[PDB]
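structure.cif, holding mmCIF, C-alpha atoms and all ligand atoms:
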data_entry
#
loop_
_atom_site.label_atom_id
_atom_site.label_comp_id
_atom_site.auth_asym_id
_atom_site.auth_seq_id
_atom_site.Cartn_x
_atom_site.Cartn_y
_atom_site.Cartn_z
CA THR B 1 67.30 147.88 153.55
CA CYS B 2 69.13 150.95 152.26
CA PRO B 3 72.59 150.29 150.76
CA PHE B 4 75.65 152.17 152.13
CA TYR B 5 76.36 154.06 148.86
CA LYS B 6 72.98 155.91 149.33
CA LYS B 7 73.83 157.20 152.76
CA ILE B 8 75.80 160.43 153.53
CA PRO B 9 77.94 159.82 156.69
CA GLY B 10 77.77 162.35 159.47
CA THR B 11 74.40 163.59 158.42
CA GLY B 12 70.78 162.64 158.67
CA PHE B 13 70.70 162.45 154.85
CA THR B 14 70.00 159.91 152.11
CA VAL B 15 70.14 160.26 148.29
CA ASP B 16 67.69 158.55 145.91
CA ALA B 17 66.48 156.17 148.72
CA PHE B 18 62.65 156.04 148.63
CA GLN B 19 62.08 152.20 148.12
CA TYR B 20 63.35 151.05 151.54
CA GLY B 21 60.48 152.34 153.80
CA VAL B 22 61.42 154.62 156.74
CA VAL B 23 65.25 154.70 156.76
CA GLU B 24 66.49 154.75 160.40
CA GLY B 25 68.04 158.12 161.25
CA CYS B 26 66.99 159.91 158.05
CA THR B 27 65.79 163.47 158.60
CA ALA B 28 65.89 164.62 154.90
CA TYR B 29 65.61 162.56 151.69
CA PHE B 30 67.31 164.13 148.65
CA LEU B 31 66.15 163.27 145.09
CA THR B 32 68.71 164.01 142.32
CA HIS B 33 66.27 163.72 139.34
CA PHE B 34 62.90 162.42 138.18
CA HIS B 35 63.91 158.99 136.73
CA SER B 36 61.96 155.94 138.00
CA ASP B 37 64.96 153.86 139.32
CA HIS B 38 65.77 156.90 141.56
CA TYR B 39 62.25 158.00 142.69
CA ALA B 40 61.04 154.34 143.20
CA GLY B 41 58.81 154.41 146.27
CA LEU B 42 57.58 158.00 146.32
CA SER B 43 53.75 158.63 146.17
CA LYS B 44 51.01 161.04 147.61
CA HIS B 45 51.30 159.23 150.99
CA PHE B 46 54.98 160.16 151.56
CA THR B 47 55.31 162.31 154.75
CA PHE B 48 59.08 163.14 155.13
CA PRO B 49 60.89 166.29 153.73
CA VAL B 50 62.12 165.82 150.11
CA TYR B 51 64.85 168.11 148.92
CA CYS B 52 65.31 168.69 145.12
CA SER B 53 65.39 171.11 142.25
CA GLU B 54 62.35 173.32 141.30
CA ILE B 55 61.75 171.23 138.15
CA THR B 56 61.89 167.93 140.09
CA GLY B 57 59.50 169.40 142.65
CA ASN B 58 56.96 170.34 139.80
CA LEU B 59 57.05 166.68 138.65
CA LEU B 60 56.65 165.22 142.23
CA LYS B 61 53.54 167.47 142.85
CA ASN B 62 51.83 167.02 139.36
CA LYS B 63 52.81 163.50 138.34
CA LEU B 64 53.28 161.58 141.62
CA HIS B 65 50.89 163.89 143.75
CA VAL B 66 53.29 164.30 146.59
CA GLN B 67 51.75 166.94 148.88
CA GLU B 68 53.23 170.39 148.69
CA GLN B 69 54.07 170.70 152.38
CA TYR B 70 56.72 167.90 151.99
CA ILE B 71 58.36 169.35 148.79
CA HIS B 72 61.45 171.54 149.43
CA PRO B 73 62.81 173.00 146.16
CA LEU B 74 66.28 174.65 146.25
CA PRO B 75 67.75 177.08 143.75
CA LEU B 76 70.89 176.06 141.92
CA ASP B 77 74.44 177.48 142.47
CA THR B 78 73.40 178.81 145.90
CA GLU B 79 74.66 177.94 149.43
CA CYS B 80 71.66 176.60 151.45
CA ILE B 81 71.44 175.27 155.08
CA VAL B 82 69.46 172.06 155.47
CA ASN B 83 69.02 170.65 159.04
CA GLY B 84 72.15 172.47 160.05
CA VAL B 85 74.38 171.38 157.13
CA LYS B 86 75.53 173.59 154.19
CA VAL B 87 74.59 172.14 150.73
CA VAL B 88 74.78 173.33 147.09
CA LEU B 89 72.85 171.95 144.06
CA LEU B 90 74.69 171.98 140.70
CA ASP B 91 73.39 171.27 137.17
CA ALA B 92 74.18 167.61 136.29
CA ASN B 93 73.90 167.95 132.45
CA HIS B 94 71.49 164.88 132.55
CA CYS B 95 67.68 165.37 132.09
CA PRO B 96 65.66 168.48 133.00
CA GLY B 97 65.87 169.26 136.74
CA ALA B 98 68.80 166.81 137.39
CA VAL B 99 71.37 167.95 140.01
CA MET B 100 74.65 167.01 141.66
CA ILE B 101 74.75 167.71 145.44
CA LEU B 102 77.77 169.23 147.36
CA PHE B 103 77.62 168.49 151.12
CA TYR B 104 79.87 170.48 153.52
CA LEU B 105 80.03 168.17 156.61
CA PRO B 106 80.22 169.53 160.11
CA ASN B 107 83.68 167.90 160.59
CA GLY B 108 85.29 169.65 157.48
CA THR B 109 84.84 166.77 154.98
CA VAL B 110 83.38 167.84 151.56
CA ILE B 111 81.33 165.20 149.59
CA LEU B 112 80.13 165.47 145.91
CA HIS B 113 77.21 163.17 144.84
CA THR B 114 76.97 163.35 141.06
CA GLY B 115 73.52 161.68 140.80
CA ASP B 116 73.27 160.78 137.09
CA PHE B 117 75.47 163.17 135.02
CA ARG B 118 77.18 163.82 131.70
CA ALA B 119 80.55 165.34 132.65
CA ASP B 120 81.54 168.48 130.89
CA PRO B 121 84.57 170.91 130.98
CA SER B 122 82.10 173.70 132.00
CA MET B 123 81.82 171.99 135.39
CA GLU B 124 85.51 172.89 136.01
CA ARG B 125 84.22 176.57 136.40
CA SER B 126 81.27 175.97 138.61
CA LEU B 127 81.39 176.33 142.45
CA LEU B 128 83.49 173.09 142.37
CA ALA B 129 86.57 175.19 141.45
CA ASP B 130 86.68 176.80 144.94
CA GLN B 131 87.53 173.87 147.27
CA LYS B 132 88.74 170.36 147.77
CA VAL B 133 86.43 167.21 147.66
CA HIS B 134 87.29 164.29 149.91
CA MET B 135 84.62 161.79 148.69
CA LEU B 136 82.97 161.41 145.17
CA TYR B 137 79.78 159.32 144.77
CA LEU B 138 80.13 158.76 141.00
CA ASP B 139 77.74 157.85 138.14
CA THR B 140 79.82 155.04 136.58
CA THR B 141 77.25 153.92 133.99
CA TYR B 142 79.81 153.92 131.11
CA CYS B 143 83.06 153.36 133.05
CA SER B 144 84.99 151.28 130.41
CA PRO B 145 86.95 152.48 127.39
CA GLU B 146 84.71 150.73 124.86
CA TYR B 147 81.99 153.23 125.65
CA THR B 148 82.42 155.91 123.05
CA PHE B 149 79.67 158.11 121.45
CA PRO B 150 79.56 161.56 119.72
CA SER B 151 78.71 164.95 121.25
CA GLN B 152 74.98 165.72 121.66
CA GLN B 153 75.48 168.60 119.06
CA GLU B 154 76.79 166.09 116.33
CA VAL B 155 73.85 163.78 117.02
CA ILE B 156 71.27 166.59 116.74
CA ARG B 157 72.96 167.83 113.48
CA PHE B 158 72.52 164.27 112.05
CA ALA B 159 68.83 164.09 113.14
CA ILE B 160 67.85 167.59 111.81
CA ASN B 161 69.61 166.99 108.40
CA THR B 162 68.05 163.50 108.06
CA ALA B 163 64.49 164.65 108.86
CA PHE B 164 64.67 167.86 106.72
CA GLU B 165 65.95 165.88 103.70
CA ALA B 166 63.22 163.20 103.98
CA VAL B 167 60.25 165.52 104.43
CA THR B 168 61.45 167.94 101.68
CA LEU B 169 61.68 164.96 99.27
CA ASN B 170 58.23 163.74 100.49
CA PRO B 171 55.87 166.33 102.10
CA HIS B 172 53.57 163.47 102.99
CA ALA B 173 56.16 161.79 105.34
CA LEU B 174 55.53 161.74 109.15
CA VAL B 175 58.36 161.86 111.67
CA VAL B 176 57.99 159.80 114.89
CA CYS B 177 60.30 160.01 117.99
CA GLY B 178 60.30 157.43 120.85
CA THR B 179 60.24 158.43 124.57
CA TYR B 180 59.77 156.58 127.98
CA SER B 181 61.03 159.12 130.50
CA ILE B 182 62.05 162.76 130.68
CA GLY B 183 65.34 163.64 129.03
CA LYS B 184 66.51 163.94 125.40
CA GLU B 185 63.79 166.54 124.56
CA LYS B 186 66.28 168.32 122.19
CA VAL B 187 65.86 165.37 119.69
CA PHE B 188 62.14 166.01 118.97
CA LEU B 189 62.30 169.81 119.59
CA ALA B 190 65.14 170.36 117.11
CA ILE B 191 63.49 168.22 114.37
CA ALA B 192 60.05 170.00 114.80
CA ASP B 193 61.87 173.45 114.66
CA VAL B 194 63.58 172.62 111.26
CA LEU B 195 60.19 171.38 109.88
CA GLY B 196 58.07 174.34 111.05
CA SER B 197 55.86 172.13 113.12
CA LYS B 198 54.69 171.73 116.74
CA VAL B 199 55.34 168.37 118.35
CA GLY B 200 52.20 166.25 118.87
CA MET B 201 51.76 163.88 121.82
CA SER B 202 49.41 162.28 124.38
CA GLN B 203 47.85 164.30 127.16
CA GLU B 204 50.00 162.44 129.78
CA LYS B 205 53.25 163.38 127.96
CA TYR B 206 52.10 167.00 127.42
CA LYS B 207 51.46 167.24 131.19
CA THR B 208 55.01 166.04 131.92
CA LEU B 209 56.59 168.53 129.50
CA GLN B 210 54.58 171.38 131.05
CA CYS B 211 56.51 170.81 134.39
CA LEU B 212 59.97 171.39 132.82
CA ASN B 213 60.37 175.23 132.66
CA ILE B 214 61.33 175.10 128.99
CA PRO B 215 61.14 178.67 127.50
CA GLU B 216 58.29 179.29 125.09
CA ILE B 217 57.04 175.63 125.44
CA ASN B 218 53.44 176.60 124.55
CA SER B 219 54.80 177.60 121.10
CA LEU B 220 56.52 174.21 120.59
CA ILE B 221 54.15 171.32 121.66
CA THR B 222 50.49 170.27 121.30
CA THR B 223 47.93 167.55 121.97
CA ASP B 224 46.38 168.05 118.55
CA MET B 225 48.10 165.25 116.72
CA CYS B 226 46.52 165.98 113.32
CA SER B 227 47.96 169.49 113.09
CA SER B 228 51.55 168.21 113.71
CA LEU B 229 54.07 166.31 111.49
CA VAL B 230 56.35 165.29 114.39
CA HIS B 231 54.65 162.78 116.76
CA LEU B 232 55.91 161.35 120.06
CA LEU B 233 55.09 157.75 120.93
CA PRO B 234 56.09 155.41 123.68
CA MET B 235 59.52 153.78 123.04
CA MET B 236 57.88 150.31 123.00
CA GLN B 237 55.85 151.26 119.94
CA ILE B 238 59.01 152.13 117.89
CA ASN B 239 59.04 148.93 115.76
CA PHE B 240 57.53 148.00 112.35
CA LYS B 241 54.26 146.62 113.83
CA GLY B 242 53.67 149.61 116.10
CA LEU B 243 54.47 152.16 113.41
CA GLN B 244 52.20 150.44 110.79
CA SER B 245 49.38 150.67 113.26
CA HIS B 246 50.07 154.32 113.99
CA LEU B 247 50.08 155.18 110.19
CA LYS B 248 46.57 153.67 109.89
CA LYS B 249 45.33 156.10 112.56
CA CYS B 250 46.28 159.22 110.62
CA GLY B 251 43.42 158.86 108.08
CA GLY B 252 45.59 158.76 104.91
CA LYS B 253 47.28 162.09 105.66
CA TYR B 254 50.66 160.32 105.51
CA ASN B 255 52.25 157.65 103.29
CA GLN B 256 55.72 157.20 104.90
CA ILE B 257 57.25 157.18 108.49
CA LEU B 258 60.71 158.14 109.45
CA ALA B 259 61.25 157.19 113.18
CA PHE B 260 64.00 157.87 115.73
CA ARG B 261 64.99 155.73 118.83
CA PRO B 262 67.39 157.69 120.96
CA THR B 263 69.18 154.94 122.85
CA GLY B 264 72.26 155.22 124.98
CA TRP B 265 75.32 153.36 123.67
CA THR B 266 74.84 150.26 121.49
CA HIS B 267 77.79 148.08 120.12
CA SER B 268 77.17 149.50 116.61
CA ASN B 269 79.19 152.44 118.29
CA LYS B 270 82.39 150.31 118.33
CA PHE B 271 82.43 150.25 114.46
CA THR B 272 80.26 153.00 112.90
CA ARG B 273 80.67 156.80 112.76
CA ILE B 274 77.51 158.96 113.31
CA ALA B 275 77.84 160.17 109.69
CA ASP B 276 77.67 156.56 108.42
CA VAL B 277 74.52 155.52 110.44
CA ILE B 278 71.78 153.85 108.39
CA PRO B 279 68.23 152.85 109.32
CA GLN B 280 66.35 149.59 109.40
CA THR B 281 63.71 149.72 106.69
CA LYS B 282 60.52 147.78 105.81
CA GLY B 283 58.41 149.15 102.96
CA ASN B 284 57.49 152.83 103.64
CA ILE B 285 58.85 152.66 107.35
CA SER B 286 62.46 153.50 108.33
CA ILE B 287 63.86 153.41 111.97
CA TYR B 288 67.06 155.09 113.04
CA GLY B 289 68.88 154.28 116.31
CA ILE B 290 70.77 157.42 117.31
CA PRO B 291 73.39 157.42 120.19
CA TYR B 292 72.13 160.46 122.14
CA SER B 293 73.61 160.00 125.68
CA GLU B 294 72.81 161.85 128.90
CA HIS B 295 75.61 159.99 130.74
CA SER B 296 79.40 160.62 130.60
CA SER B 297 81.50 158.75 128.04
CA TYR B 298 84.55 157.01 129.46
CA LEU B 299 86.81 159.85 128.34
CA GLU B 300 84.53 162.64 129.73
CA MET B 301 84.33 160.76 133.10
CA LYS B 302 88.10 160.27 133.27
CA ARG B 303 88.74 163.99 132.53
CA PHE B 304 86.38 165.11 135.26
CA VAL B 305 87.78 162.81 137.92
CA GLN B 306 91.47 163.61 137.01
CA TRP B 307 90.55 167.37 137.38
CA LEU B 308 88.62 166.98 140.67
CA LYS B 309 91.30 164.72 142.33
CA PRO B 310 89.05 163.13 144.99
CA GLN B 311 90.57 161.23 147.90
CA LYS B 312 88.05 158.40 147.61
CA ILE B 313 85.52 157.24 144.88
CA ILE B 314 82.26 155.38 145.61
CA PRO B 315 80.57 154.11 142.41
CA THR B 316 76.76 154.31 142.28
CA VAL B 317 76.18 152.24 139.03
CA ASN B 318 77.32 148.73 138.04
CA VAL B 319 77.82 147.83 141.73
CA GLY B 320 76.11 144.40 141.69
CA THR B 321 78.90 142.18 140.26
CA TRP B 322 82.44 141.49 141.45
CA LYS B 323 83.74 141.74 137.86
CA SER B 324 82.22 145.26 137.42
CA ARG B 325 83.52 146.45 140.78
CA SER B 326 87.08 145.16 140.07
CA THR B 327 87.10 146.69 136.55
CA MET B 328 86.06 150.13 137.93
CA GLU B 329 88.64 150.03 140.76
CA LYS B 330 91.41 149.29 138.22
CA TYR B 331 90.54 152.32 136.13
CA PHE B 332 90.35 154.58 139.21
CA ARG B 333 93.94 153.54 140.08
CA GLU B 334 95.18 154.06 136.56
CA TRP B 335 93.70 157.57 136.53
CA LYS B 336 95.25 158.47 139.90
CA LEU B 337 98.78 157.14 138.85
CA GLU B 338 98.68 158.93 135.50
CA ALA B 339 97.67 162.33 137.03
CA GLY B 340 99.75 162.06 140.27
CA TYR B 341 97.14 162.63 143.06
NI NI D 401 68.82 159.08 135.15
#
As structure tokens, the full file:
Amino acid sequence: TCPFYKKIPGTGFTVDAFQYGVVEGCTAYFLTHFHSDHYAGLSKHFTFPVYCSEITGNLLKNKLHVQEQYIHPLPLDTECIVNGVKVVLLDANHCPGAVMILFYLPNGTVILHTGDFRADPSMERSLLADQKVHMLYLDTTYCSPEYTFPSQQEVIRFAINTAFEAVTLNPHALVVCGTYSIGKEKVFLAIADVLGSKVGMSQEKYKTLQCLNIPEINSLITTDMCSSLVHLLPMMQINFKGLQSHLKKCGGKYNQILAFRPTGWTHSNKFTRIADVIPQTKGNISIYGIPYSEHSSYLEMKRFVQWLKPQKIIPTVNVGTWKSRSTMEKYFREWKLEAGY
């Protein structure tokens, strides 16, 4: 049974609610982005209208085989009528194709559903500038002040400089980057660009990347692993055992691996600066954990909400414990008292 925080009152609509069977009263299922916790339940046998971005719709058709007649892609930044209700899709600054949804209810209420997002000051000059929001369904993944991390640009500067130094010292070093979902593609694209290489990967991952509308992608990626000195591997293989095994497979072309695991936050964030990050090393294998987030930090979240001034907040993450729920409600009240709304 579908939880209340996935339902949009006064409509026939749900958000990210595909794992509950046929939801009573739902005439249109929205999907914010192609991450498995959110698409869970979709397949080629789904027969209700799915509303989403163009990029999400490419992934639903090619990767999950949803039939075309049920996929309804909408352009971004554009007023659209769906089943008699005005909606707008906005870029969420999450993974490729990820959106926030603005719903203009028939009674005058305006609702923003952030899906998963990384708040940014640029959102203060989107179509959100133009009117009031009564209800905010908020991605609260990192809603506590201990969650700090650097900008995505500082993290990519660290990765490029680290990889370029290592491979210039040793032209026989291989770079490996972990992946288990879409998102974070700048990590491996930026490193391959500094090295003058295409990124090598499995056929299944190449297929996924070909759905993402990235400009000039054919110039940047390949399935020919041997021609490439940046390889992508499943995240589970980014450990000393998995990397040793991979180095065997390259037929003595390489004699060193430098590997990256983009995680979200880890508690080494509460003590270490990005500049001071060091790898774990064993022999000719080194592994860096780099804090590349596609979710808001605490401070970015707080800035967004204090600017938007919603009348009510409904968290969509960390909702399963009473301690989490009470913590989040306390910070919402602080923010509202400090700003005066
Ligand atoms: Ni996500």
Name all residues at most 8 Å from stretch 10-20 of chain B (count only C-alpha atoms; drop same-chain ones fewer than 4 positions away) and give them as a ChimeraX atom specification. /B:1-2,6,25-32,38-42,85,105-106
If the limit is 10 Å from any atom of ligand NI 401 (chain D), counting all atoms listed in the file, which residues qualify? Return them as a PyMOL selection string. chain B and resi 32-38+94-95+98+115-117+139+141+181-183+294-295
Kindly indicate which residue among B:178, B:200, B:215, B:289 lies nearest to residue B:238, using all atoms listed in the file for the distances.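 For residue B:238, the nearest of the given residues is B:178.
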Counting only C-alpha atoms, figure out which residue out of B:212, B:328, B:317, B:226 gets nearest to residue B:199. B:226
Give me, as a ChimeraX atom specification, all polymer residues having an atom no more than 12 Å from stretch 264-274 of chain B, counting all atoms listed in the file and skipping those fewer than 2 positions away in the same chain. /B:118,141-142,144-159,162,183-184,261-262,276-279,288-298
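Note that atom CA of residue B:67 and atom CA of residue B:113 are 26.1 Å apart.
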From the options B:309, B:198, B:323, B:72, which residue's atoms come nearest to residue B:224, counting all atoms listed in the file?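 When distances to residue B:224 are compared using all atoms listed in the file, the smallest one comes from B:198.
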Give the centre and edge lengths of an axis-aligned box, in Å to one decimal, that holds all listed atoms of stretch 3-7 of chain B with 5 Å on each side, as lines of an AutoDock Vina configuration file.
center_x = 74.5
center_y = 153.7
center_z = 150.8
size_x = 13.8
size_y = 16.9
size_z = 13.9
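Shortest separation to residue B:104 among B:286, B:213, B:126, B:131 occurs at residue B:131, atoms counted being only C-alpha atoms.
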Can you list, as an MDAnalysis selection string, every protein, DNA or RNA residue that comes within 12 Å of stretch 108-110 of chain B when you count only C-alpha atoms, leaving out same-chain residues fewer than 6 positions away? chainID B and resid 8:11 85:88 101:102 128 130:137 310:312
For the residues in that selection, give me C-alpha atoms as a tab-separated table (two decimals), keeping the file's coordinate frame.
chain	number	residue	atom	x	y	z
B	8	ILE	CA	75.80	160.43	153.53
B	9	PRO	CA	77.94	159.82	156.69
B	10	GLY	CA	77.77	162.35	159.47
B	11	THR	CA	74.40	163.59	158.42
B	85	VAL	CA	74.38	171.38	157.13
B	86	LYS	CA	75.53	173.59	154.19
B	87	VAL	CA	74.59	172.14	150.73
B	88	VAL	CA	74.78	173.33	147.09
B	101	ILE	CA	74.75	167.71	145.44
B	102	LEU	CA	77.77	169.23	147.36
B	128	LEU	CA	83.49	173.09	142.37
B	130	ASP	CA	86.68	176.80	144.94
B	131	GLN	CA	87.53	173.87	147.27
B	132	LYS	CA	88.74	170.36	147.77
B	133	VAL	CA	86.43	167.21	147.66
B	134	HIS	CA	87.29	164.29	149.91
B	135	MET	CA	84.62	161.79	148.69
B	136	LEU	CA	82.97	161.41	145.17
B	137	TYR	CA	79.78	159.32	144.77
B	310	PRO	CA	89.05	163.13	144.99
B	311	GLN	CA	90.57	161.23	147.90
B	312	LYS	CA	88.05	158.40	147.61
Can you tell me which residues surround residue B:122 at a distance of at most 12 Å, considering only C-alpha atoms, apart from same-chain residues fewer than 5 positions away, and format the answer as a list in words? residues 90, 91, 92, 93, 127, 128, 129, 300, 303, 304 and 307 of chain B
